[PDB]
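Notes follow once the structure below has been shown.
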Amino acid sequence: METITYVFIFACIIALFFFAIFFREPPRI
Amino acid sequence: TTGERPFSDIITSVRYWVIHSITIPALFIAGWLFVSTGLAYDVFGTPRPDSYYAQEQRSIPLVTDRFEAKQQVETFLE
Amino acid sequence: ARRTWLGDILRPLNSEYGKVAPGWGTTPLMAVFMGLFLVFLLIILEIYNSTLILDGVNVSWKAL
Amino acid sequence: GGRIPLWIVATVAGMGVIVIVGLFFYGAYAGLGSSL
Amino acid sequence: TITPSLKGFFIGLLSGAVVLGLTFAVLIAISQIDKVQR
Amino acid sequence: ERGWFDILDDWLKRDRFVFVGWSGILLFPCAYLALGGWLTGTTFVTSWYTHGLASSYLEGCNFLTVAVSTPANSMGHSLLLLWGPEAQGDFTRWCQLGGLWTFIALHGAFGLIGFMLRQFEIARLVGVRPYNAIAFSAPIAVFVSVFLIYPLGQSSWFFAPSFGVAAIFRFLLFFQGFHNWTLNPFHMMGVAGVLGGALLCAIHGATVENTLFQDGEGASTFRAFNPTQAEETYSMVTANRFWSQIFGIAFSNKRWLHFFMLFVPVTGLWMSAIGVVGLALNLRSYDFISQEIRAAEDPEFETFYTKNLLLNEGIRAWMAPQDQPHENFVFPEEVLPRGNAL
Amino acid sequence: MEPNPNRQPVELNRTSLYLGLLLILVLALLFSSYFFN
Amino acid sequence: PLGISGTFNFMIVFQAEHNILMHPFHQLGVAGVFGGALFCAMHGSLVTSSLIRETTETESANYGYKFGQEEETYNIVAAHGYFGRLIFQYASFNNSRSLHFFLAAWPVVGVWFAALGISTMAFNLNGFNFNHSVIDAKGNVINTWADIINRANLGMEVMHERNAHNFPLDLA
Amino acid sequence: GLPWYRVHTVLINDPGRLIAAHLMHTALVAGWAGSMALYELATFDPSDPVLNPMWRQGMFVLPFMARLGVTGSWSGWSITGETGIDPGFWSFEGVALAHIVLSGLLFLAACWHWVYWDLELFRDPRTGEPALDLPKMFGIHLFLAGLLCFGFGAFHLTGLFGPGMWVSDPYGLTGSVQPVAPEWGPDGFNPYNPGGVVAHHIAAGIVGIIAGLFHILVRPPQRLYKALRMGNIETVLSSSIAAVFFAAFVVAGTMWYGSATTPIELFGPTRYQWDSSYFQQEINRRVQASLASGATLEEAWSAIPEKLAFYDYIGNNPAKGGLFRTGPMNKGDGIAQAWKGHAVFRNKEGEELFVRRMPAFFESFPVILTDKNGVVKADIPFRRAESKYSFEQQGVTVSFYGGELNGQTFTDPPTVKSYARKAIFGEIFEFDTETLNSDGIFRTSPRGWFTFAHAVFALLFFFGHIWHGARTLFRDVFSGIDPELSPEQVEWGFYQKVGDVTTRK
Amino acid sequence: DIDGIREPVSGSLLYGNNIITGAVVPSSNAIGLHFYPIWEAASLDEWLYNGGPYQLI
Amino acid sequence: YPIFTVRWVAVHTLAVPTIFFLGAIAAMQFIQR
Ligand code: CLA
Ligand code: CLA
Ligand code: CLA
Ligand code: CLA
Ligand code: CLA
Ligand SMILES: CCCCCCCCCCCCCCCC(=O)OC[C@H](COP(=O)(O)OC[C@@H](O)CO)OC(=O)CCCCCCCCCCCCCCC
Ligand SMILES: CC1=C(/C=C/C(C)=C/C=C/C(C)=C/C=C/C=C(C)/C=C/C=C(C)/C=C/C2=C(C)CCCC2(C)C)C(C)(C)CCC1
Ligand SMILES: CC1=C(/C=C/C(C)=C/C=C/C(C)=C/C=C/C=C(C)/C=C/C=C(C)/C=C/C2=C(C)CCCC2(C)C)C(C)(C)CCC1
Ligand SMILES: CCCCCCCS[C@@H]1O[C@H](CO)[C@@H](O)[C@H](O)[C@H]1O
Ligand SMILES: [Ca+2]
Ligand SMILES: [Ca+2]
Ligand SMILES: [Cl-]
Ligand SMILES: [Cl-]
Ligand SMILES: [Fe+2]
Ligand SMILES: [Mg+2]
């Protein structure tokens, strides 16, 4: 259960990285 | 631009050097003598190299009593 | 705005917004009470600290 | 205004710093603090 | 009783009052002597 | 231009080389005495009676080993005032009892109050928002937690840090061996805010310097800037594109960027301060209970966590007799933890 | 009831969402070991 | 080691074996990272303090800046006016290029020395050793804070890798 | 729109909804107190105030009820171990219920104030704009605070109309709630004198009544009104947070050092009592007096109260815990059952030997025994090959006086060593480690947890003070500095007085 | 076996670590500075015992 | 230009003890145990 928890939080953070990069608010001039 | 004379004017002027070629060395010599006379040891209560331990004592004069610590140091010094 | 019986009664206690005494008013007297309070805090601090030790005042559980 | 040029004041002052710090390093090897 | 530490307390208090008194006396004096122009 | 208060205010606030202000009345004497007490003690004053150590240039220490050391453990948390019941006005004895320690810590505390009041005062006069004062709360939280709260929760000032380069190194090592302070998540957050702050400092300075507009002919580019110029000196647009493509994300808002540069180190120092408040009570992150239960029952189970406690156990037994002389520890050779050979 | 004129809309932009989720997830990654102990 | 507690293990053993804290290159790295954090907070706070009013009290001031606008978003003259007064005029930058160069250089140079500290203690040129440097008139050792560091280092040394040494010196 | 960290700013101009938000906060806090008490009552074991008192059991609010005179349960027991008592309504359960009902009433009032926010009372009669007269509100509240403070000291604490407060002997053996007379001499300022707490309330209460009347009747100086921005509610937030952090630091300190308001039977002993071997000194005093008057060693140690011996044990020291070692002290070393008795160690020669005690700093500590002069006589070695002082070489034995093991002597070295390891913690106890699946690792008491939370919240409230003080004094530049700001006003020497155009040079 | 003394140190989550204690453990002191790619090992099981992942990483 | 300014005082509070201390520390380099 602890290993599951640590790996789950880690996986959420890698997903978060993917959205923050590829689905960011695009910068607009 | 706050008014005072610029530092670069002061420290390149002959008159600054006339005052300070005497005050700077005087201060330095006074510091020197404060040590060389031994006076520094007595003002601050710092042991001389021969005053950390008695000849055959070999435990440190550690202060162990809050309110009679001053007396302990005086007895330790005895 | 809505009036109520109790709000009518209390109205005078909330009607002087912004009202001031002229100039420095009682500022110097306030300063005296502040200085006395500083001294008071210093005294209770020093007693608890054992920096100020008073006859009949044994700061410990053991006479208390 | 100044009679003594700033580059001389700097050079002499800097040299004075080197001397006094030099002395402090010498002292790490002699007398008190020298381990000897 | 005035214990030796109550006497020390009064000495500390007096010393501080004097450092503060002299500081303000001097600063008030200097500000009076050297006023800003308006 | 009215009463004496307002005439004093005028003079206090003159535009001069060193601004004074009302805050200056607290700041200047306190900063001066803290710094001068430090130079005086490190130059001339021993720690023989409080620690059994030499600590001054006079006794032969160097810039790395001098300190103004804390008072003896028997002093408890005495204010140790010159005129107090311990020194009773004797300056020499007060130096020998560690009076310069509380002198420096307390003037230093009032001095930092005065510096922060100075930040507020100058901000108000110049008409800027007082975020610099706000940022300075992080130094304040660190000073107060480590130099005041920590020893107040312990037995005495003796266990505060002593004011010295090597003395502070000793304080770090003590916190490792006794508190396992590296394991503490509030310290880890401090480390993130410090290293992240240094990271932001470096990367922001390098980015500005490398996205500059050519605003002059010089190959040395510093002259090609004017404080009063309307225009940005570097290209946020190009900087944003570069980092978006290198790292995946980039700042696009300069205001957010600069606020975040305040936020990160200020927040990290505040987190470390909270961990130290816990250490004042020995309320440590010392152990993981599940690790100990496993390792106690399974002599083949080993992690870097169990390796580090063995190091702590070495630090405590080897350092305690000389570091805590009031304890009169005598640890016979046979009881000292040691691995093989060493 | 007459409308309250002190009401204001609230916002959280997408960047703030991402920064906030990162703070929470990383705080959880850091504190979870201590919670399990 | 590639791990959080392994990192601390590496640090503690490194202190036992090289007295890194007493090494001036690690000290320069500390000045680099503490100073980097300090100047990070300083710069953040100075720029933030002098943002030009462009928003109302119900909006984040960050909306006062638009990506790619030409005009600088704060008043550097205001910021310099504050900071030159906080310290003294000539201790403050009014040149943004010089300021930002300093921001880059201070932590980068300090961290280069941190890196060279580790890379030269790699070849066992170690921190200053003042163990028993202070001696009284008879020859008694008068401990300094350096000797107390030594005692903590000895605890690390004797305990680390407790089954790996067979001979009396740890020579790598 | 408003950023997330500013949503509550909608209340600044809305006195009615601010009062509603306050009522709700108050409902939450009273509801917490009520719930916390019920959880404690559902888990508290009242059957042994000697070796299983509230502070061994992670009780946090129970000691606050007890401190002010709530010491009984409706189910018939009392905190001092009585049976068949009738507490009346104001038992622990009655206090919990009162707080839950209060919570409910405050929640309902919050609803009314939220809906009916637009009361004419909150409108400045001259402008029709929302307005609170803060200086006058201060006098009214200060007056009320003074009356309550006074009546608490004059009636509740004296027992004149109320129960009194908890008091005990210097060793926390016989505490109970008692009426307490005010101490009017200098000993009133002694933190360990309960009469000074009574006098404090009477005197400060009178001062608050006077100052309150003053603040009702006299307007602020224009000078002070403008300087502290007294028309801005945020100034009150700033100074109120300052007062609260000061109060929080004070309660952290008196919890950690001990005072008449942080008694050891409610919160546990202090760390300093271990540091100064406070209880060991008293135990030895009593044993030497027993021996002086003809007692055998067995009789002298058998006369030591179990309660006194238990305070002389490091498992009760609040400086032995861990930040993430959660729950009651009982979860670590276990539920204390009985004193084993006092262990006396002797070597083959029969000389009495003393186990060096563990200081609070040390998570682990070696076993070293010295003679009465502090000379080392035995120890438990790490490396064995050069051992000189082992229990086997020195023929160390242990004999017990008092407690479960009174009259017994152990000579088997592993057994003698086992007891020596316990003696580093002070007096030796038998514990039930099974009931709670205790893990053997020390936790702090409510004295430690309280001090931690309050020191930490005090330090954080310093930030909130600095922040709101800044917002107050710099309200005009909250959204940024003047876009037209004169470069003359930040340039050096254009003005004679920093930031003052009338002093142009 | 980081120190080459047949005393293996557990670094991974599934073998009893948490985020704070877990590590990829350095390669074995028996290897020294020798290059230890997967194909130098007799099996993945040997490669794992000797701290092969550390070098690769 | 005035001579004795706040600045002048600031400079000498630091400069004066600094030179005295530096002379004290120079003398120390010749102390033998
Ligand atoms: C703003 C400047 C400032 C501040 C905030 C401090 C603050 C402090 N100093 Mg430092 N000091 C200063 C300037 C300052 N000092 C200067 C200029 C010098 C050179 C003279 C010193 C030299 C110095 C020494 C040598 C020592 C201190 C010490 C102290 C501490 C105890 C002070 C105390 O108890 O006063 C108590 C006094 C007051 C709080 C003044 C109160 C004024 C009230 C409001 C009015 C009451 C006056 C009343 C009418 C007089 C009646 C008295 C009568 C009964 C006899 C405290 C940290 C001690 C310390 O650090 O110990 C470790 C210590 O030994 N200071
Ligand atoms: C990656 C390595 C690393 C990093 C980045 C840090 C980072 C940090 N450490 Mg940790 N540390 C580490 C490894 C590290 N540590 C390890 C391995 C250990 C062993 C356990 C420790 C043990 C340790 C301890 C024991 C403490 C820290 C603390 C801190 C914080 C210090 C903040 C600060 O600037 O205080 C510096 C001080 C201030 C900011 C106070 C105010 C200073 C004023 C402004 C000074 C003014 C000076 C004046 C102008 C004149 C000076 C005169 C001149 C002659 C000198 C910071 C979060 C401290 C902490 O957590 O505090 C809460 C602390 O007590 N560390
Ligand atoms: C002043 C607050 C306070 C204090 C001192 C106590 C004290 C105590 N409680 Mg009570 N309690 C409280 C409030 C408090 N409680 C509240 C608000 C609740 C409702 C949640 C409870 C509900 C409660 C229960 C149900 C129990 C207790 C128990 C206890 C005991 C054990 C405490 C413990 O193990 O702590 C452990 C403390 C920690 C692990 C520290 C937590 C630190 C946090 C997680 C740090 C967060 C960091 C943050 C995320 C960082 C942000 C960074 C960002 C800004 C960038 C102890 C007597 C236990 C007891 O024995 O009961 C009989 C028990 O069973 N309490
Ligand atoms: C009586 C205490 C008190 C009160 C009434 C306020 C009230 C206010 N603060 Mg101040 N503040 C305080 C103490 C207080 N603060 C303290 C101690 C700090 C330092 C920690 C601050 C630091 C602070 C900052 C930095 C800011 C404010 C702001 C504000 C305003 C908007 C708050 C808001 O919308 O948050 C909305 C908050 C949320 C939607 C979620 C917050 C979740 C928190 C972080 C974690 C969970 C909290 C938990 C429920 C706490 C239990 C409380 C108890 C343990 C203390 C409002 C006027 C803001 C402002 O000035 O607006 C102009 C602003 O930027 N405050
Ligand atoms: C870093 C410390 C610090 C800073 C920068 C500020 C800054 C601010 N304060 Mg806050 N304050 C503080 C700590 C601080 N405060 C403390 C510890 C308290 C006591 C609880 C307060 C109580 C307070 C109130 C009640 C108010 C402020 C307000 C203010 C604001 C206006 C300036 C002012 O009033 O200064 C206050 C001046 C000082 C903090 C300096 C005091 C110097 C003391 C008197 C020296 C004493 C020496 C001592 C007696 C020596 C003996 C020592 C002993 C150990 C032996 C500004 C935001 C006001 C505000 O927000 O207006 C909107 C406001 O109403 N302050
Ligand atoms: C030069 C060797 C010293 C090491 C580097 C020192 C500063 C440069 C390294 C920082 C890089 C940061 C990232 C790029 C940041 C960046 O992009 O910088 C750009 C910045 C401005 O660029 P410009 O193109 O205007 O000038 C550089 C060339 O094009 C020549 O004009 O560069 C400089 O100012 C170089 C200054 C060299 C000055 C000579 C050496 C200074 C020695 C100082 C070291 C003291 C040692 C103290 C030890 C206790
Ligand atoms: C404590 C006290 C007090 C006060 C005192 C004072 C205030 C003092 C001051 C003092 C001082 C004020 C001193 C000074 C000193 C200084 C010095 C000693 C310096 C040195 C320097 C050096 C050595 C340099 C170095 C360097 C650097 C830093 C970097 C660059 C390079 C070089 C290396 C050059 C009184 C009386 C109130 C009383 C009580 C006690
Ligand atoms: C309506 C009504 C009623 C009822 C009421 C009730 C039933 C209530 C309840 C209430 C309640 C039952 C409440 C509760 C509350 C609680 C709270 C408010 C809590 C909080 C918590 C917190 C805040 C926490 C925090 C934390 C954590 C979580 C972790 C650690 C850290 C800390 C401590 C920070 C009646 C019938 C009477 C009548 C009238 C109507
Ligand atoms: C240093 C804190 C001083 C607090 C201010 C005390 C107010 S003093 C005030 O000063 C006026 C000037 O307009 C005089 O005309 C008036 O007589 C006097 O009451
Ligand atoms: Ca000789
Ligand atoms: Ca079990
Ligand atoms: Cl190791
Ligand atoms: Cl070997
Ligand atoms: Fe910038
Ligand atoms: Mg020498």
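Naming works like this for the structure tokens: A, B, ... for the chains as they're shown, residue 1 at the start of each chain, ligands 1 onward in shown order.
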Write out as a PDB file with N, CA and C atoms, in the first residue's frame each polymer residue (protein, DNA or RNA) that has an atom no more than 6 Å from ligand 13, with only C-alpha atoms and all ligand atoms counted.
```
ATOM      1  N   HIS H 165      36.619  -2.325   6.888  1.00  0.00           N
ATOM      2  CA  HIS H 165      38.067  -2.058   7.081  1.00  0.00           C
ATOM      3  C   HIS H 165      38.735  -3.096   7.932  1.00  0.00           C
ATOM      4  N   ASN H 166      39.879  -3.623   7.460  1.00  0.00           N
ATOM      5  CA  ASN H 166      40.650  -4.623   8.218  1.00  0.00           C
ATOM      6  C   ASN H 166      41.955  -4.065   8.818  1.00  0.00           C
ATOM      7  N   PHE H 167      42.386  -2.933   8.289  1.00  0.00           N
ATOM      8  CA  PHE H 167      43.711  -2.365   8.598  1.00  0.00           C
ATOM      9  C   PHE H 167      43.456  -0.932   9.112  1.00  0.00           C
TER      10      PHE H 167
END
```
Practice problem: Would you kindly return, as a ChimeraX atom specification, each protein, DNA or RNA residue with an atom no farther than 12 Å from any atom of range 21-24 of chain G, considering only C-alpha atoms and excluding same-chain residues fewer than 2 positions away? | Solution: /A:9-10,12-17,19-20 /F:189,264 /G:12,14-19,26-32
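Within the 12 Å cut-off around residue 4 in chain G, using only C-alpha atoms and omitting residues fewer than 4 positions from it on the same chain, the listed residues are residues 1 of chain C; 8 of chain G; 10, 11, 13, 14, 16, 17, 114, 115, 116, 117, 118 and 119 of chain I.
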Practice problem: Can you check which residues of chain F have any atom within 10 Å of chain E? Use only C-alpha atoms and format it as a ChimeraX atom specification. | Solution: /F:1,4-12,14,25,81-86,88-89
Please produce an output containing N, CA and C atoms for each residue in the selection, written as a PDB file, in the first residue's frame.
```pdb
ATOM      1  N   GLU F   1       8.379  71.064  10.253  1.00  0.00           N
ATOM      2  CA  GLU F   1       8.132  72.527  10.472  1.00  0.00           C
ATOM      3  C   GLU F   1       6.866  72.758  11.306  1.00  0.00           C
ATOM      4  N   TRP F   4       8.641  70.187  18.100  1.00  0.00           N
ATOM      5  CA  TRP F   4       9.932  69.530  18.123  1.00  0.00           C
ATOM      6  C   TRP F   4       9.898  68.147  17.490  1.00  0.00           C
ATOM      7  N   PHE F   5       8.753  67.460  17.611  1.00  0.00           N
ATOM      8  CA  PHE F   5       8.596  66.134  17.049  1.00  0.00           C
ATOM      9  C   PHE F   5       8.854  66.225  15.546  1.00  0.00           C
ATOM     10  N   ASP F   6       8.216  67.205  14.906  1.00  0.00           N
ATOM     11  CA  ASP F   6       8.256  67.384  13.448  1.00  0.00           C
ATOM     12  C   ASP F   6       9.594  67.938  12.969  1.00  0.00           C
ATOM     13  N   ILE F   7      10.213  68.804  13.780  1.00  0.00           N
ATOM     14  CA  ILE F   7      11.614  69.197  13.531  1.00  0.00           C
ATOM     15  C   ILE F   7      12.590  68.000  13.672  1.00  0.00           C
ATOM     16  N   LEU F   8      12.373  67.138  14.658  1.00  0.00           N
ATOM     17  CA  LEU F   8      13.223  65.954  14.811  1.00  0.00           C
ATOM     18  C   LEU F   8      13.025  65.043  13.576  1.00  0.00           C
ATOM     19  N   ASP F   9      11.762  64.818  13.217  1.00  0.00           N
ATOM     20  CA  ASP F   9      11.396  64.048  12.014  1.00  0.00           C
ATOM     21  C   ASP F   9      12.098  64.539  10.755  1.00  0.00           C
ATOM     22  N   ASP F  10      12.101  65.866  10.542  1.00  0.00           N
ATOM     23  CA  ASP F  10      12.848  66.480   9.430  1.00  0.00           C
ATOM     24  C   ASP F  10      14.302  66.063   9.395  1.00  0.00           C
ATOM     25  N   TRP F  11      14.958  66.166  10.543  1.00  0.00           N
ATOM     26  CA  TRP F  11      16.380  65.953  10.600  1.00  0.00           C
ATOM     27  C   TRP F  11      16.696  64.487  10.432  1.00  0.00           C
ATOM     28  N   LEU F  12      15.937  63.655  11.139  1.00  0.00           N
ATOM     29  CA  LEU F  12      16.055  62.193  10.997  1.00  0.00           C
ATOM     30  C   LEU F  12      15.970  61.751   9.515  1.00  0.00           C
ATOM     31  N   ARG F  14      16.615  63.513   6.601  1.00  0.00           N
ATOM     32  CA  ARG F  14      17.400  64.231   5.615  1.00  0.00           C
ATOM     33  C   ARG F  14      17.951  63.279   4.609  1.00  0.00           C
ATOM     34  N   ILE F  25      17.577  55.064  15.106  1.00  0.00           N
ATOM     35  CA  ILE F  25      17.818  55.214  16.534  1.00  0.00           C
ATOM     36  C   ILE F  25      17.905  53.835  17.225  1.00  0.00           C
ATOM     37  N   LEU F  81      23.012  39.899  32.095  1.00  0.00           N
ATOM     38  CA  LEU F  81      23.228  41.362  31.967  1.00  0.00           C
ATOM     39  C   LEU F  81      24.505  41.761  32.721  1.00  0.00           C
ATOM     40  N   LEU F  82      25.249  42.742  32.214  1.00  0.00           N
ATOM     41  CA  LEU F  82      26.509  43.174  32.907  1.00  0.00           C
ATOM     42  C   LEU F  82      26.226  43.439  34.401  1.00  0.00           C
ATOM     43  N   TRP F  83      25.103  44.107  34.656  1.00  0.00           N
ATOM     44  CA  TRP F  83      24.695  44.495  36.047  1.00  0.00           C
ATOM     45  C   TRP F  83      23.875  43.487  36.764  1.00  0.00           C
ATOM     46  N   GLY F  84      23.706  42.329  36.142  1.00  0.00           N
ATOM     47  CA  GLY F  84      22.896  41.275  36.721  1.00  0.00           C
ATOM     48  C   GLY F  84      23.625  40.536  37.825  1.00  0.00           C
ATOM     49  N   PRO F  85      22.944  39.533  38.420  1.00  0.00           N
ATOM     50  CA  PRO F  85      23.361  38.832  39.629  1.00  0.00           C
ATOM     51  C   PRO F  85      24.547  37.909  39.434  1.00  0.00           C
ATOM     52  N   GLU F  86      24.892  37.623  38.171  1.00  0.00           N
ATOM     53  CA  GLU F  86      26.008  36.729  37.863  1.00  0.00           C
ATOM     54  C   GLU F  86      27.323  37.487  37.774  1.00  0.00           C
ATOM     55  N   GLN F  88      27.555  40.872  38.368  1.00  0.00           N
ATOM     56  CA  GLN F  88      27.439  42.036  39.271  1.00  0.00           C
ATOM     57  C   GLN F  88      28.322  43.222  38.923  1.00  0.00           C
ATOM     58  N   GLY F  89      28.269  43.646  37.664  1.00  0.00           N
ATOM     59  CA  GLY F  89      28.951  44.829  37.174  1.00  0.00           C
ATOM     60  C   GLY F  89      30.421  44.664  36.874  1.00  0.00           C
TER      61      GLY F  89
END
```
Exercise. Just the residues within 7 Å of residue 35 in chain B, please, counting only C-alpha atoms, with nothing from its chain fewer than 3 positions along; format it as a PyMOL selection string.
Key: (chain B and resi 31-32+38-40) or (chain K and resi 24+27-28)
Residue selection dump (C-alpha atoms) as an mmCIF file, in the first residue's frame:
```cif
data_model
loop_
_atom_site.group_PDB
_atom_site.id
_atom_site.type_symbol
_atom_site.label_atom_id
_atom_site.label_comp_id
_atom_site.auth_asym_id
_atom_site.auth_seq_id
_atom_site.Cartn_x
_atom_site.Cartn_y
_atom_site.Cartn_z
ATOM 1 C CA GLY B 31 46.497 48.566 19.630
ATOM 2 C CA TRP B 32 49.955 46.988 19.518
ATOM 3 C CA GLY B 38 49.707 42.455 28.582
ATOM 4 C CA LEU B 39 46.875 44.801 29.377
ATOM 5 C CA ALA B 40 44.459 42.941 26.959
ATOM 6 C CA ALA K 24 46.554 44.551 18.493
ATOM 7 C CA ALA K 27 51.337 42.359 17.935
ATOM 8 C CA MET K 28 49.765 38.961 18.576
#
```
Can you check which parts of chain H lie within 10 Å of ligand 4? Per residue, the shortest pair of atoms and distance in Å to one decimal, counting only C-alpha atoms and all ligand atoms, sorted by chain and number, as CSV.
```
residue,atom,partner,partner_atom_place_in_ligand_line,distance
H:57,CA,ligand 4,62 (C),8.1
H:58,CA,ligand 4,62 (C),8.5
H:59,CA,ligand 4,62 (C),9.9
H:60,CA,ligand 4,62 (C),9.6
```
Quiz item: DSSP on the backbone: what in range 34-223 of chain I comes out alpha helix (DSSP H), as JSON, numbers by chain?
Solution: {"I": [34, 35, 36, 37, 38, 39, 40, 41, 42, 43, 62, 63, 64, 65, 66, 67, 92, 93, 94, 95, 96, 97, 98, 99, 100, 101, 102, 103, 104, 105, 106, 107, 108, 109, 110, 111, 112, 113, 114, 115, 134, 135, 136, 137, 138, 139, 140, 141, 142, 143, 144, 145, 146, 147, 148, 149, 150, 151, 194, 195, 196, 197, 198, 199, 200, 201, 202, 203, 204, 205, 206, 207, 208, 209, 210, 211, 212, 213, 214, 215, 216, 217, 222, 223]}
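The part of chain I that reaches within 7 Å of chain H is made up of residues 1, 2, 3, 478, 479, 480, 481, 482, 483, 490 and 491 of chain I, counting only C-alpha atoms.
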Exercise. Please identify the residues whose atoms come within 7 Å of ligand 11, using only C-alpha atoms and all ligand atoms, and report them as a count of residues only.
Key: 5
Quiz prompt | Spatial neighbours of range 1-13 of chain K, max dist 9 Å, only C-alpha atoms, sep filter under 2 positions, as number ranges by chain | solution = B: 3-5; F: 16-18, 20, 32; K: 15-18
Exercise. List all protein, DNA and RNA residues that have at least one atom no more than 7 Å from any atom of ligand 1, counting only C-alpha atoms and all ligand atoms, and write them as an MDAnalysis selection string.
Key: (chainID C and resid 35:36 38:39) or (chainID E and resid 10:17 19) or (chainID F and resid 25:26 29:30 79:83 99:100 102:104 106:107 110)
Selection export as a PDB file, in the first residue's frame, atoms kept: C-alpha atoms:
```pdb
ATOM      1  CA  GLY C  35       6.797  53.219  29.321  1.00  0.00           C
ATOM      2  CA  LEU C  36       5.365  51.930  32.579  1.00  0.00           C
ATOM      3  CA  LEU C  38       7.577  48.210  29.223  1.00  0.00           C
ATOM      4  CA  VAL C  39       9.076  48.441  32.712  1.00  0.00           C
TER       5      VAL C  39
ATOM      6  CA  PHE E  10      17.540  49.973  39.182  1.00  0.00           C
ATOM      7  CA  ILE E  11      21.078  50.555  37.898  1.00  0.00           C
ATOM      8  CA  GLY E  12      20.153  48.921  34.579  1.00  0.00           C
ATOM      9  CA  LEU E  13      16.989  50.968  34.359  1.00  0.00           C
ATOM     10  CA  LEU E  14      18.815  54.265  35.165  1.00  0.00           C
ATOM     11  CA  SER E  15      21.579  53.467  32.628  1.00  0.00           C
ATOM     12  CA  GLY E  16      19.058  52.817  29.908  1.00  0.00           C
ATOM     13  CA  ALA E  17      17.080  55.957  30.794  1.00  0.00           C
ATOM     14  CA  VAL E  19      21.443  56.431  27.200  1.00  0.00           C
TER      15      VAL E  19
ATOM     16  CA  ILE F  25      17.818  55.214  16.534  1.00  0.00           C
ATOM     17  CA  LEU F  26      17.171  51.481  17.216  1.00  0.00           C
ATOM     18  CA  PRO F  29      23.421  51.382  18.164  1.00  0.00           C
ATOM     19  CA  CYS F  30      22.214  47.742  18.107  1.00  0.00           C
ATOM     20  CA  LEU F  79      19.994  37.220  30.332  1.00  0.00           C
ATOM     21  CA  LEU F  80      23.524  37.535  31.784  1.00  0.00           C
ATOM     22  CA  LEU F  81      23.228  41.362  31.967  1.00  0.00           C
ATOM     23  CA  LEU F  82      26.509  43.174  32.907  1.00  0.00           C
ATOM     24  CA  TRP F  83      24.695  44.495  36.047  1.00  0.00           C
ATOM     25  CA  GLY F  99      28.160  37.782  28.711  1.00  0.00           C
ATOM     26  CA  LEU F 100      29.249  38.793  25.208  1.00  0.00           C
ATOM     27  CA  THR F 102      23.823  37.273  25.162  1.00  0.00           C
ATOM     28  CA  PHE F 103      25.068  40.842  24.455  1.00  0.00           C
ATOM     29  CA  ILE F 104      25.539  39.973  20.763  1.00  0.00           C
ATOM     30  CA  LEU F 106      20.129  40.433  21.990  1.00  0.00           C
ATOM     31  CA  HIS F 107      21.573  43.579  20.407  1.00  0.00           C
ATOM     32  CA  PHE F 110      17.005  44.411  18.228  1.00  0.00           C
TER      33      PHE F 110
END
```
Quiz item: Using only C-alpha atoms and all ligand atoms, which protein or nucleic acid residues are at most 6 Å from ligand 12, as number ranges by chain?
Solution: F: 307; H: 160-161
Let's have the selection written as a tab-separated table (two decimals), in the first residue's frame, with C-alpha atoms.
```
chain	number	residue	atom	x	y	z
F	307	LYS	CA	23.62	3.48	7.81
H	160	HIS	CA	31.07	4.28	8.65
H	161	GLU	CA	31.14	0.97	6.66
```
